[PDB]
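Have a look below at one chain only, the form deposited in one PDB entry, in structure tokens format.
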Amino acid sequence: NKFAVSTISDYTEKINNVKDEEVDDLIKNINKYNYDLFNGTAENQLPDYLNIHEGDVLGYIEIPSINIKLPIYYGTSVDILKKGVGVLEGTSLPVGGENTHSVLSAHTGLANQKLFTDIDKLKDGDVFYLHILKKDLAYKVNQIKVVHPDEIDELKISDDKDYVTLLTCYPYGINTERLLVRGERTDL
């Protein structure tokens, strides 16, 4: 559990040493990217001017009901998913806003680390908290879905919705489906 702690501490130290202005310029660049993604005009890479690359720490997730506090990395790889939670490529960056749907991926049933093993315990009305680039965002669970992996490329940004989905492989030790726990933006 104390690997997540050190990564999150190092993140918190680094983001608190950036000028408020520089963080605000990054959040505007990200909001434009999320808008272009929603509008179908984004390329299949993040714009280079975001300076966000695969394995960069963007912040952390807390899921109070299941004792989860994990760092959030941009991208998904065998390496990121051994360590924490990955923003799925081609989904909204998790800074909130109407017309956003960020997908956060992590493993169920790894040997020595829980990660998203217990997101199958989450129910309508359970909250999770994102701490991303000095923004505090609250999400309340309002849907659970279990889908074939082909449906992940079919995931839609919903008009006028602010959604974050927690994605893991399902069922435990078999991993042929994807479990999707959808939160909708709520008051902190």
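For the two forms, the rigid core is made up of the largest set of C-alpha atoms that agree within 1.5 Å on superposition. Residue positions are given as counts along the sequence shown, with the first one as 1.
Just so you know, the form deposited in another entry exists too; it's not on screen, but the next bit is about it.
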Q: Align on the core first; then indicate which of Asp79, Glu98, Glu89, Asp118 has a CA shift of 2 angstroms or more between this form and the one not shown.
A: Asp79
Q: Take the rigid core as the frame of reference and indicate whether the C-alpha of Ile157 shifts by 2 Å or more between this form and the one not shown.
A: no
Q. Relative to what is shown, are the Cα atoms of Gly109 and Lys121 closer or farther apart in the other form, where the gap shifts by 3 Å or more?
A. farther
Q: Quick one: in the other form, is the Cα gap between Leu166 and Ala111 smaller or bigger than here? Answer closer or farther; it shifts by 3 Å or more.
A: closer
